[PDB]
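Novice: Following this line is data_0.cif, made up of mmCIF, N, CA and C atoms:
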```
data_coords
loop_
_atom_site.label_atom_id
_atom_site.label_comp_id
_atom_site.auth_asym_id
_atom_site.auth_seq_id
_atom_site.Cartn_x
_atom_site.Cartn_y
_atom_site.Cartn_z
N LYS E 1 9.25 12.45 -8.08
CA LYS E 1 9.14 11.45 -7.01
C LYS E 1 7.72 11.17 -6.58
N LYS E 2 7.49 10.03 -5.89
CA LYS E 2 6.16 9.66 -5.44
C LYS E 2 6.21 8.84 -4.16
N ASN E 3 5.03 8.60 -3.59
CA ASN E 3 4.88 7.79 -2.37
C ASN E 3 4.00 6.62 -2.71
N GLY E 4 4.19 5.53 -2.00
CA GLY E 4 3.43 4.31 -2.23
C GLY E 4 4.06 3.06 -1.67
N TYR E 5 3.34 1.95 -1.85
CA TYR E 5 3.76 0.63 -1.41
C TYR E 5 4.62 0.00 -2.50
N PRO E 6 5.97 -0.03 -2.39
CA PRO E 6 6.77 -0.62 -3.47
C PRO E 6 6.55 -2.11 -3.61
N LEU E 7 6.61 -2.59 -4.84
CA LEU E 7 6.44 -3.98 -5.17
C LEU E 7 7.79 -4.61 -5.38
N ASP E 8 7.91 -5.84 -4.94
CA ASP E 8 9.15 -6.61 -5.13
C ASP E 8 9.15 -7.27 -6.51
N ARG E 9 10.19 -8.08 -6.83
CA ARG E 9 10.31 -8.76 -8.13
C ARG E 9 9.10 -9.65 -8.47
N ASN E 10 8.39 -10.17 -7.48
CA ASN E 10 7.20 -11.02 -7.67
C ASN E 10 5.88 -10.26 -7.61
N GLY E 11 5.93 -8.92 -7.63
CA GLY E 11 4.76 -8.06 -7.61
C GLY E 11 4.04 -8.01 -6.29
N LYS E 12 4.74 -8.25 -5.18
CA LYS E 12 4.12 -8.26 -3.86
C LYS E 12 4.67 -7.11 -3.05
N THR E 13 3.81 -6.55 -2.22
CA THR E 13 4.20 -5.51 -1.27
C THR E 13 4.96 -6.20 -0.13
N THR E 14 5.63 -5.40 0.70
CA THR E 14 6.37 -5.92 1.86
C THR E 14 5.42 -5.92 3.03
N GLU E 15 5.05 -7.08 3.54
CA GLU E 15 4.11 -7.21 4.66
C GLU E 15 4.76 -6.70 5.96
N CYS E 16 3.98 -6.11 6.87
CA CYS E 16 4.47 -5.68 8.19
C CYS E 16 3.31 -5.75 9.19
N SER E 17 3.49 -6.51 10.27
CA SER E 17 2.49 -6.68 11.34
C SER E 17 3.19 -6.74 12.73
N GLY E 18 2.42 -6.67 13.82
CA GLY E 18 3.00 -6.73 15.17
C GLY E 18 3.89 -5.54 15.49
N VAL E 19 5.09 -5.79 16.04
CA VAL E 19 6.03 -4.71 16.33
C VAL E 19 6.44 -3.97 15.03
N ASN E 20 6.63 -4.71 13.93
CA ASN E 20 7.01 -4.10 12.65
C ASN E 20 5.93 -3.18 12.11
N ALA E 21 4.73 -3.21 12.69
CA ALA E 21 3.69 -2.26 12.37
C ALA E 21 3.75 -1.03 13.30
N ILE E 22 4.07 -1.19 14.58
CA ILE E 22 4.09 -0.05 15.48
C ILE E 22 5.38 0.74 15.32
N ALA E 23 6.52 0.06 15.24
CA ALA E 23 7.83 0.69 15.09
C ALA E 23 8.17 0.80 13.58
N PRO E 24 8.59 2.01 13.11
CA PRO E 24 8.82 2.21 11.65
C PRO E 24 10.15 1.72 11.08
N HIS E 25 11.04 1.24 11.91
CA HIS E 25 12.43 0.92 11.52
C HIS E 25 12.57 -0.13 10.45
N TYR E 26 11.77 -1.21 10.56
CA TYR E 26 11.78 -2.26 9.55
C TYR E 26 11.40 -1.72 8.15
N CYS E 27 10.27 -0.99 8.05
CA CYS E 27 9.84 -0.45 6.76
C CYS E 27 10.74 0.68 6.30
N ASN E 28 11.24 1.47 7.22
CA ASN E 28 12.13 2.57 6.84
C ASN E 28 13.40 2.00 6.20
N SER E 29 13.93 0.91 6.79
CA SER E 29 15.12 0.22 6.25
C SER E 29 14.84 -0.40 4.88
N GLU E 30 13.71 -1.11 4.72
CA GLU E 30 13.33 -1.65 3.41
C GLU E 30 13.23 -0.54 2.38
N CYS E 31 12.50 0.54 2.72
CA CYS E 31 12.31 1.68 1.82
C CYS E 31 13.59 2.33 1.37
N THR E 32 14.50 2.59 2.29
CA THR E 32 15.77 3.26 1.98
C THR E 32 16.81 2.31 1.38
N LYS E 33 17.04 1.16 1.99
CA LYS E 33 18.09 0.24 1.53
C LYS E 33 17.76 -0.56 0.28
N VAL E 34 16.52 -1.03 0.14
CA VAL E 34 16.09 -1.83 -1.00
C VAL E 34 15.51 -0.96 -2.13
N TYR E 35 14.65 0.02 -1.81
CA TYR E 35 13.96 0.83 -2.82
C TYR E 35 14.56 2.22 -3.04
N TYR E 36 15.63 2.61 -2.27
CA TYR E 36 16.32 3.93 -2.38
C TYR E 36 15.42 5.11 -2.24
N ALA E 37 14.35 4.95 -1.46
CA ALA E 37 13.40 6.01 -1.15
C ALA E 37 13.99 6.86 -0.01
N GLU E 38 13.33 8.00 0.32
CA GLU E 38 13.76 8.88 1.39
C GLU E 38 13.52 8.24 2.74
N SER E 39 12.36 7.62 2.95
CA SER E 39 11.97 7.06 4.24
C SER E 39 10.79 6.18 4.06
N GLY E 40 10.33 5.57 5.13
CA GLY E 40 9.12 4.77 5.07
C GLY E 40 8.68 4.22 6.39
N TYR E 41 7.50 3.62 6.39
CA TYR E 41 6.93 3.07 7.61
C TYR E 41 5.85 2.10 7.28
N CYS E 42 5.34 1.44 8.28
CA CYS E 42 4.21 0.51 8.06
C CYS E 42 2.88 1.24 8.03
N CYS E 43 2.16 1.17 6.91
CA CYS E 43 0.84 1.76 6.78
C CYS E 43 -0.18 0.70 6.41
N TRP E 44 -1.04 0.40 7.35
CA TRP E 44 -2.11 -0.56 7.15
C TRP E 44 -1.63 -1.90 6.61
N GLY E 45 -0.58 -2.43 7.23
CA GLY E 45 -0.09 -3.77 6.94
C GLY E 45 0.96 -3.96 5.87
N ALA E 46 1.43 -2.89 5.21
CA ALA E 46 2.51 -3.06 4.21
C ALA E 46 3.43 -1.85 4.25
N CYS E 47 4.68 -2.02 3.89
CA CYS E 47 5.66 -0.91 3.91
C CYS E 47 5.33 0.12 2.86
N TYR E 48 5.18 1.37 3.29
CA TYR E 48 4.84 2.52 2.50
C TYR E 48 6.03 3.47 2.52
N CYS E 49 6.54 3.84 1.33
CA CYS E 49 7.73 4.67 1.19
C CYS E 49 7.39 6.07 0.74
N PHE E 50 8.26 7.01 1.13
CA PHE E 50 8.19 8.40 0.68
C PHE E 50 9.37 8.67 -0.23
N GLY E 51 9.08 9.27 -1.37
CA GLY E 51 10.15 9.70 -2.27
C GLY E 51 10.79 8.62 -3.11
N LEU E 52 10.00 7.66 -3.57
CA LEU E 52 10.45 6.62 -4.52
C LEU E 52 10.64 7.28 -5.89
N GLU E 53 11.51 6.70 -6.70
CA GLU E 53 11.68 7.13 -8.09
C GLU E 53 10.35 6.85 -8.81
N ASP E 54 9.91 7.83 -9.65
CA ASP E 54 8.66 7.75 -10.41
C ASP E 54 8.44 6.41 -11.11
N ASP E 55 9.51 5.77 -11.61
CA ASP E 55 9.41 4.52 -12.39
C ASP E 55 9.26 3.25 -11.54
N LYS E 56 9.47 3.32 -10.22
CA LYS E 56 9.39 2.15 -9.35
C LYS E 56 7.94 1.66 -9.22
N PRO E 57 7.60 0.44 -9.66
CA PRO E 57 6.21 -0.04 -9.48
C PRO E 57 5.73 -0.02 -8.03
N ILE E 58 4.53 0.53 -7.81
CA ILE E 58 3.90 0.56 -6.49
C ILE E 58 2.58 -0.16 -6.59
N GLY E 59 2.13 -0.70 -5.46
CA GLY E 59 0.86 -1.41 -5.42
C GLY E 59 -0.36 -0.52 -5.63
N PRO E 60 -1.44 -1.07 -6.24
CA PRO E 60 -2.67 -0.28 -6.40
C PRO E 60 -3.24 0.15 -5.04
N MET E 61 -3.81 1.33 -4.98
CA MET E 61 -4.36 1.82 -3.73
C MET E 61 -5.45 2.82 -3.97
N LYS E 62 -6.45 2.83 -3.08
CA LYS E 62 -7.52 3.81 -3.15
C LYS E 62 -6.97 5.19 -2.81
N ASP E 63 -7.68 6.21 -3.24
CA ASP E 63 -7.30 7.59 -2.92
C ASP E 63 -7.31 7.80 -1.40
N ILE E 64 -8.31 7.20 -0.66
CA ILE E 64 -8.37 7.31 0.80
C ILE E 64 -7.13 6.67 1.48
N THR E 65 -6.59 5.59 0.90
CA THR E 65 -5.38 4.96 1.41
C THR E 65 -4.17 5.89 1.23
N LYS E 66 -3.96 6.45 0.03
CA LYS E 66 -2.84 7.37 -0.19
C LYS E 66 -2.93 8.55 0.76
N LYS E 67 -4.12 9.16 0.89
CA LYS E 67 -4.32 10.29 1.80
C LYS E 67 -3.98 9.92 3.23
N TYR E 68 -4.45 8.77 3.69
CA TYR E 68 -4.18 8.29 5.05
C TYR E 68 -2.68 8.04 5.26
N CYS E 69 -2.05 7.30 4.33
CA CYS E 69 -0.64 6.97 4.44
C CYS E 69 0.23 8.19 4.37
N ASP E 70 -0.14 9.15 3.51
CA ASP E 70 0.61 10.40 3.40
C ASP E 70 0.51 11.30 4.66
N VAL E 71 -0.70 11.43 5.25
CA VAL E 71 -0.97 12.35 6.36
C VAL E 71 -0.31 11.94 7.67
N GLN E 72 0.07 10.66 7.82
CA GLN E 72 0.83 10.20 9.00
C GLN E 72 2.31 10.06 8.64
#
```
Let me see whether you can do it: turn the structure in this file into structure tokens.

Specialist:
Amino acid sequence: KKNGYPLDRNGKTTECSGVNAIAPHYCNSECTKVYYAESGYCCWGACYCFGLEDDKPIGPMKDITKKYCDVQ
């Protein structure tokens, strides 16, 4: 398993801003219901999931981004 920003059919991450950035429910629902991950939340403007299947495409990210998204 892995963590990351899952990509949709068009290769785009799921955007999240405003309340959907402060409250994790929107991204947690996308992560679990659409991507079958364990959980998720909004990290720096896009839905970040925990426990995605290894084969699920995730968006490119710097090592500092993964560390930041993982530590919260």

Novice: Do you have the atom C of residue 11 in chain E-atom N of residue 69 in chain E distance handy?

Specialist: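 Interatomic distance, atom C of residue 11 in chain E to atom N of residue 69 in chain E: 19.6 Å.
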
Novice: Which residue, E:20, E:12, E:38, E:65, has the smallest gap to residue 53 in chain E when you use only N, CA and C atoms?

Specialist: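 For residue 53 in chain E, the nearest of the candidates is E:38.
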
Novice: Excluding residue 31 in chain E and residues on its chain fewer than 4 positions from it, collect all residues at most 7 Å away from it, counting all atoms listed in the file, and give them as a list in words.

Specialist: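 Once the nearby chain positions are removed, what remains is residues 26, 27, 35, 36, 37, 38, 39, 40, 41, 48, 49 and 50 of chain E.
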
Novice: Show which residues sit within 10 Å of residue 66 in chain E, as an MDAnalysis selection string. Count only C-alpha atoms, and ignore same-chain residues fewer than 5 positions away.

Specialist: chainID E and resid 3:5 43 48 60:61 71

Novice: Go through chain E and collect every residue that DSSP, computed from the backbone, puts in strand (DSSP E); the answer should be as a count of residues only.

Specialist: 15
